[PDB]
Chemist: 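One structure follows; several queries about it will come next.
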6 protein chains.
Amino acid sequence: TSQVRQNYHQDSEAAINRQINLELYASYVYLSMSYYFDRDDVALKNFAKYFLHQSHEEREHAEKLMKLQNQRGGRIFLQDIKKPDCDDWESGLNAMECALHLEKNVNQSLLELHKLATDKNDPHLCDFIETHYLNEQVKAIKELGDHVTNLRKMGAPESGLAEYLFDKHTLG
Amino acid sequence: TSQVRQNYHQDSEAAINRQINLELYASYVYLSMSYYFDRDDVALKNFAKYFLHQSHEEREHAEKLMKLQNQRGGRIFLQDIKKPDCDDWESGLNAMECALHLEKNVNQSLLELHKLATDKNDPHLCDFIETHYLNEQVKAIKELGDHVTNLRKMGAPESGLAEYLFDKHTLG
Amino acid sequence: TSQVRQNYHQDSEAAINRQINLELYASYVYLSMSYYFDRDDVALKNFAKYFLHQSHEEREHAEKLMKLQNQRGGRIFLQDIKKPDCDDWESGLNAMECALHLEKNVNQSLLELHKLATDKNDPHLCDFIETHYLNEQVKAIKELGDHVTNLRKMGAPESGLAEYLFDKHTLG
Amino acid sequence: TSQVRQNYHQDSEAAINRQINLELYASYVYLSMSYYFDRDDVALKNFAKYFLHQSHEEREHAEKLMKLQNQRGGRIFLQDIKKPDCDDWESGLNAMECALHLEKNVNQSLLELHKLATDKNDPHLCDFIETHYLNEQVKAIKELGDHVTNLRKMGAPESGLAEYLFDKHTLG
Amino acid sequence: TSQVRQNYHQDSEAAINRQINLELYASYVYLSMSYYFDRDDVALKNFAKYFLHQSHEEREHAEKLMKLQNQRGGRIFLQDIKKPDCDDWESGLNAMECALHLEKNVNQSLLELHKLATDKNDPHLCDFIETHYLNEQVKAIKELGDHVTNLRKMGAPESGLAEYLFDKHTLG
Amino acid sequence: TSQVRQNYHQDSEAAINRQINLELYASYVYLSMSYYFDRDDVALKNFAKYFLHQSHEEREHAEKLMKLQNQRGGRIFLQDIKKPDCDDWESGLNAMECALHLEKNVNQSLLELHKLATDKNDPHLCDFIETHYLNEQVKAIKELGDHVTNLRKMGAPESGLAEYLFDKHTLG
Ligand code: NA
Ligand code: NA
Ligand code: NA
Ligand code: NA
Ligand code: NA
Ligand code: NA
Ligand code: NA
Ligand code: NA
Ligand code: NA
Ligand code: NA
Ligand code: NA
Ligand code: NA
Ligand code: NA
Ligand code: NA
Ligand code: NA
Ligand code: NA
Ligand code: NA
Ligand code: NA
Ligand code: NA
Ligand code: NA
Ligand code: NA
Ligand code: NA
Ligand code: NA
Ligand code: NA
Ligand code: NA
Ligand code: NA
Ligand code: NA
Ligand code: NA
Ligand SMILES: [Zn+2]
Ligand SMILES: [Zn+2]
Ligand SMILES: [Zn+2]
Ligand SMILES: [Zn+2]
Ligand SMILES: [Zn+2]
Ligand SMILES: [Zn+2]
Ligand SMILES: [Zn+2]
Ligand SMILES: [Zn+2]
Ligand SMILES: [Zn+2]
Ligand SMILES: [Zn+2]
Ligand SMILES: [Zn+2]
Ligand SMILES: [Zn+2]
Ligand SMILES: [Zn+2]
Ligand SMILES: [Zn+2]
Ligand SMILES: [Zn+2]
Ligand SMILES: [Zn+2]
Ligand SMILES: [Zn+2]
Ligand SMILES: [Zn+2]
Ligand SMILES: [Zn+2]
Ligand SMILES: [Zn+2]
Ligand SMILES: [Zn+2]
Ligand SMILES: [Zn+2]
Ligand SMILES: [Zn+2]
Ligand SMILES: [Zn+2]
Ligand SMILES: [Zn+2]
Ligand SMILES: [Zn+2]
Ligand SMILES: [Zn+2]
Ligand SMILES: [Zn+2]
Ligand SMILES: [Zn+2]
Ligand SMILES: [Zn+2]
Ligand SMILES: [Zn+2]
Ligand SMILES: [Zn+2]
Ligand SMILES: [Zn+2]
Ligand SMILES: [Zn+2]
Ligand SMILES: [Zn+2]
Ligand SMILES: [Zn+2]
Ligand SMILES: [Zn+2]
Ligand SMILES: [Zn+2]
Ligand SMILES: [Zn+2]
Ligand SMILES: [Zn+2]
Ligand SMILES: [Zn+2]
Ligand SMILES: [Zn+2]
Ligand SMILES: [Zn+2]
Ligand SMILES: [Zn+2]
Ligand SMILES: [Zn+2]
Ligand SMILES: [Zn+2]
Ligand SMILES: [Zn+2]
Ligand SMILES: [Zn+2]
Ligand SMILES: [Zn+2]
Ligand SMILES: [Zn+2]
Ligand SMILES: [Zn+2]
Ligand SMILES: [Zn+2]
Ligand SMILES: [Zn+2]
Ligand SMILES: [Zn+2]
Ligand SMILES: [Zn+2]
Ligand SMILES: [Zn+2]
Ligand SMILES: [Zn+2]
Ligand SMILES: [Zn+2]
Ligand SMILES: [Zn+2]
Ligand SMILES: [Zn+2]
Ligand SMILES: [Zn+2]
Ligand SMILES: [Zn+2]
Ligand SMILES: [Zn+2]
Ligand SMILES: [Zn+2]
Ligand SMILES: [Zn+2]
Ligand SMILES: [Zn+2]
Ligand SMILES: [Zn+2]
Ligand SMILES: [Zn+2]
């Protein structure tokens with residue numbers, strides 16, 4: 001047992017390790033999306049920049065969870081980072097919809113983590129999740145929903161002009 | 001024989017003279033394209049600026065090859081600069097596709113030059129080509145491919161609105 | 001076939017995808033090492049900082065390879081990022097020795113990639129590897145060898161005072 | 001007929017195209033001279049700089065004529081740029097004398113162009129020629145005549161010391 | 001075997017040691033030349049400055065090769081630095097011609113080193129030579145050839161006025 | 001006889017040439033030491049920096065003696081620079097002891113030179129030696145003796161921790 005460990009349940013430690021893997025997976029998905037939009041036959045540089053930024057953000061989220069795991073005296077156990085579901089993301093609108101799905105999945109995992117911390121009476125972990133992850137997820141989901149709505153209203157994915165102008169004016 | 005000449009094959013000297021002519025020809029092609037887009041019945045000022053910039057860049061490439069020829073003790077032999085294949089470049093998309101074709105032709109010539117320098121065991125010439133021309137060509141080809149992709153997706157050449165907005169937002 | 005693809009062999013494209021996976025794996029290994037040294041029962045903050053910096057550097061190397069893959073018209077195919085070989089890295093000296101082993105493995109992969117590009121007469125790829133990866137690997141290997149030498153001479157891993165003072169004076 | 005064309009005779013349009021070719025030819029001649037003086041067995045860097053500057057100036061003159069052609073609604077028709085008469089320019093004095101001959105040829109062409117514009121009652125073209133080309137040619141011819149006079153008086157081409165000191169003190 | 005050594009052939013290590021000695025020898029030759037021109041009966045201060053600068057440059061080249069030898073895990077073996085061939089360098093023109101000969105000798109040694117590294121499939125060593133030595137040698141040879149050409153054309157060595165004015169205007 | 005030579009004995013001229021060779025030899029010894037400490041299996045960067053600085057200082061001493069030789073109208077005669085006695089300097093303490101021995105040898109040579117200049121009634125040479133070399137040698141010897149004393153008291157060469165901390169705190 002770690003000399004710093006206090007009120008940190010083994011179930012919470014395991015769930016934090018699972019969340020670390022999920023954040024690294026999300027980082028990998030976003031990296032794949034970014035370099036899909038960097039292809040010469042897609043060529044939407046601001047979509048690529050947006051998703052690269054999201055990938056780095058998700059890496060930071062994972063690293064903050066690893067720091068938490070050490071702060072509480074738990075032990076980090078890493079697992080394989082599975083490859084993303086797609087190599088070809090088909091369009092800016094499709095990539096935004098997949099990103100929305102992924103962010104809602106990550107949010108659900110975080111809500112289950114908060115429920116577990118509440119059940120184990122771990123207020124520090126509950127506060128950590130609320131302070132650093134929950135409103136970040138709500139804001140990310142709202143932003144992606146806005147992007148999806150605007151692309152659809154502009155005529156994406158059928159309008160390449162729609163995705164070009166969205167790349168310029170919203171993501172630029 | 002030049003007092004500075006060392007490990008510089010006559011075949012390499014001839015191929016450098018051929019490359020000088022090819023770069024000057026590319027400069028002339030781009031100059032023609034630029035002033036096509038400066039016509040009152042075409043009137044795409046940022047296409048004109050883009051191609052004028054490319055023309056000056058190709059002139060600089062030719063001058064760097066002439067400097068190399070003198071540095072190695074070879075002798076520059078200039079030839080006629082042939083007129084470009086077109087007077088009317090028909091559209092921004094067509095001009096970008098022709099520019100892509102031209103840059104791939106110049107790249108192929110440079111790869112043949114590198115093969116010759118490798119065969120003649122001229123590492124200074126190989127390094128010169130790699131350092132100053134090969135990645136420049138790869139970047140130029142990727143940029144032109146991106147431009148072609150975006151124009152096609154926006155609906156060029158049938159959409160004059162597409163070429164207008166591309167002129168404003170990508171080339172502006 | 002990509003509109004930008006020129007002198008880019010399918011074998012080279014596959015080897016670049018393998019190298020991308022290897023760089024991401026190295027990033028993951030370094031991330032694991034960093035947060036091992038962030039544990040309360042290890043508590044070497046400058047070892048943790050060093051390895052976190054290396055992890056971000058390896059991510060950048062992977063992203064540069066993905067950019068190259070797109071520049072040449074190849075297609076990125078991502079694979080699972082396997083978990084690192086260890087969860088517990090045992091000591092600063094042991095982690096440095098493992099890092100040296102990993103960097104020499106990455107260097108060997110890059111040398112095989114250069115041999116393949118030479119065999120396929122791809123001077124742009126050869127130059128890319130030489131310019132951005134080979135001297136970086138040589139410098140990294142020399143630095144890690146220096147660190148290992150100094151830790152051993154100071155008495156690591158048996159001297160915790162040795163690793164403490166190395167953390168302060170070399171990595172701080 | 002161009003929507004902007006007014007009081008622009010077809011003969012004037014043809015003569016402007018001929019002048020464009022002549023200016024590009026002069027640019028090429030000066031480029032050849034510059035890199036003759038960049039040879040290791042000639043090695044007069046300020047002669048090389050002088051003639052490179054003249055080459056870029058002549059390119060600018062050609063581009064201004066192309067802009068005029070478009071401003072008036074004429075159509076640019078480019079022709080081959082013939083190679084310069086010499087590969088070896090023999091001396092600084094000989095190159096200056098050839099440059100003087102070339103500038104007087106260009107001036108004669110411009111005077112014939114002005115005569116044509118006067119005959120066609122095209123005051124805008126007459127003013128354009130007078131404002132941008134005629135005094136430039138007179139100044140260039142006077143400068144080259146001064147250079148030739150000084151080189152001859154100093155003892156060029158027989159005095160290599162003469163050309164060395166002229167390179168340093170007049171062109172430097 | 002060094003813990004950092006990888007893909008570094010013993011033949012390459014020996015050739016690098018030979019090149020180190022050759023660079024130190026060149027530094028010594030240039031030092032001798034510099035202080036020849038510092039004599040009261042020669043008294044060409046800018047020739048002296050030029051050759052002193054070259055001597056320090058060659059020392060830097062040798063030190064960079066020693067750094068490379070250590071970076072790759074080879075072992076430096078130093079040898080005697082032989083005295084220069086002359087104590088009296090006879091004139092500025094003669095010293096420049098000897099310097100040109102020496103730089104071409106060093107260039108030939110570097111080309112043989114590059115051939116050896118290519119034969120041993122050592123791309124890091126090939127790139128090191130190309131990046132840091134080959135174009136430096138080509139530029140140095142071209143500069144010395146230019147200096148020799150100008151001195152000869154000015155009338156050196158028979159004209160002491162020629163060497164005086166060259167010292168002032170080219171080397172000053 | 002030089003037009004500037006006055007009260008400069010041939011014995012003094014010969015002894016100055018011998019001292020020039022000795023200073024160049026000392027520079028070479030220090031260069032060898034520096035790059036011994038740059039090895040990956042020694043890895044004491046501040047020892048390497050210290051000895052590289054000493055090597056450049058000894059080169060400067062040699063050049064000042066060459067300047068003196070020319071100032072007095074003597075003629076510089078260079079000899080081979082013999083290789084240093086060791087390739088492997090075994091430890092920081094051993095290298096410092098060898099440096100102390102070398103500096104005392106150079107000091108003895110300078111004292112013999114001063115005795116010769118006194119015997120030949122050459123006060124300018126005596127003053128030159130006193131002003132530029134004698135106190136420099138005394139200070140260098142005292143500094144090296146201090147370094148040796150501290151390394152021994154810290155437990156070098158048996159304590160690698162001793163040499164590591166000396167490298168950091170005294171030489172850093
Ligand atoms: Na997952
Ligand atoms: Na395409
Ligand atoms: Na979902
Ligand atoms: Na959804
Ligand atoms: Na849900
Ligand atoms: Na051509
Ligand atoms: Na083509
Ligand atoms: Na094409
Ligand atoms: Na091709
Ligand atoms: Na791997
Ligand atoms: Na503990
Ligand atoms: Na290994
Ligand atoms: Na190893
Ligand atoms: Na290996
Ligand atoms: Na003409
Ligand atoms: Na010559
Ligand atoms: Na004429
Ligand atoms: Na004339
Ligand atoms: Na006339
Ligand atoms: Na030699
Ligand atoms: Na005299
Ligand atoms: Na030679
Ligand atoms: Na020669
Ligand atoms: Na040779
Ligand atoms: Na000695
Ligand atoms: Na001694
Ligand atoms: Na002693
Ligand atoms: Na003594
Ligand atoms: Zn513990
Ligand atoms: Zn791109
Ligand atoms: Zn996240
Ligand atoms: Zn954070
Ligand atoms: Zn902990
Ligand atoms: Zn635990
Ligand atoms: Zn694990
Ligand atoms: Zn997925
Ligand atoms: Zn697609
Ligand atoms: Zn709690
Ligand atoms: Zn909290
Ligand atoms: Zn909102
Ligand atoms: Zn010649
Ligand atoms: Zn080009
Ligand atoms: Zn350039
Ligand atoms: Zn030349
Ligand atoms: Zn030739
Ligand atoms: Zn010709
Ligand atoms: Zn064409
Ligand atoms: Zn048209
Ligand atoms: Zn070569
Ligand atoms: Zn080069
Ligand atoms: Zn718009
Ligand atoms: Zn494609
Ligand atoms: Zn890497
Ligand atoms: Zn990068
Ligand atoms: Zn692509
Ligand atoms: Zn493919
Ligand atoms: Zn896949
Ligand atoms: Zn591992
Ligand atoms: Zn442990
Ligand atoms: Zn290639
Ligand atoms: Zn490249
Ligand atoms: Zn029209
Ligand atoms: Zn003109
Ligand atoms: Zn202008
Ligand atoms: Zn027009
Ligand atoms: Zn017309
Ligand atoms: Zn035509
Ligand atoms: Zn001509
Ligand atoms: Zn000539
Ligand atoms: Zn008019
Ligand atoms: Zn008038
Ligand atoms: Zn006007
Ligand atoms: Zn003068
Ligand atoms: Zn070793
Ligand atoms: Zn050198
Ligand atoms: Zn250097
Ligand atoms: Zn080493
Ligand atoms: Zn060895
Ligand atoms: Zn030896
Ligand atoms: Zn010599
Ligand atoms: Zn003499
Ligand atoms: Zn290698
Ligand atoms: Zn190569
Ligand atoms: Zn390298
Ligand atoms: Zn004398
Ligand atoms: Zn180092
Ligand atoms: Zn000294
Ligand atoms: Zn000094
Ligand atoms: Zn003297
Ligand atoms: Zn004498
Ligand atoms: Zn001698
Ligand atoms: Zn010794
Ligand atoms: Zn040793
Ligand atoms: Zn005296
Ligand atoms: Zn004195
Ligand atoms: Zn003291």
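Read the numbers this way: they start at 1 and go in the same order the structure lists the ligands and their atoms. Just so it is clear: chains get the letters A, B, ... in the order the sequence lines come, proteins before strands, and each one is counted from 1.
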Chemist: Give a rough value, rounded to 10 degrees, for the angle at the Zn ion (ligand 53) between atoms ND1 of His61(C) and OE1 of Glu23(C).
Modeler: 120°

Chemist: Which residue is it: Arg72(E), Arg75(E), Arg5(E)? I am looking for the one with a salt bridge (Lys or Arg N to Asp or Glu O under 4.0 Å) to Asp40(F).
Modeler: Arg75(E)

Chemist: Report whether any nitrogen, oxygen or sulfur of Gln108(C) sits less than 3.0 Å from the Na ion (ligand 12) (N, O or S, backbone or side chain).
Modeler: no

Chemist: Among the N/O/S atoms of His101(C), select the one at the shortest distance from the Na ion (ligand 12) and name it.
Modeler: O

Chemist: Under 4.0 Å between a side-chain nitrogen and a carboxylate oxygen: does that hold for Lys139(C) and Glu136(C)?
Modeler: yes

Chemist: Can you tell if the side chain of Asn17(C) reaches within under 4.5 Å of the side chain of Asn21(C), non-hydrogen atoms only?
Modeler: no

Chemist: Report the name of the N/O/S atom of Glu58(C) located nearest to the Zn ion (ligand 53).
Modeler: OE1

Chemist: Can you tell me if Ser34(A) uses its side chain to pair, donor with acceptor, with the backbone of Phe51(A) under 3.5 Å?
Modeler: no

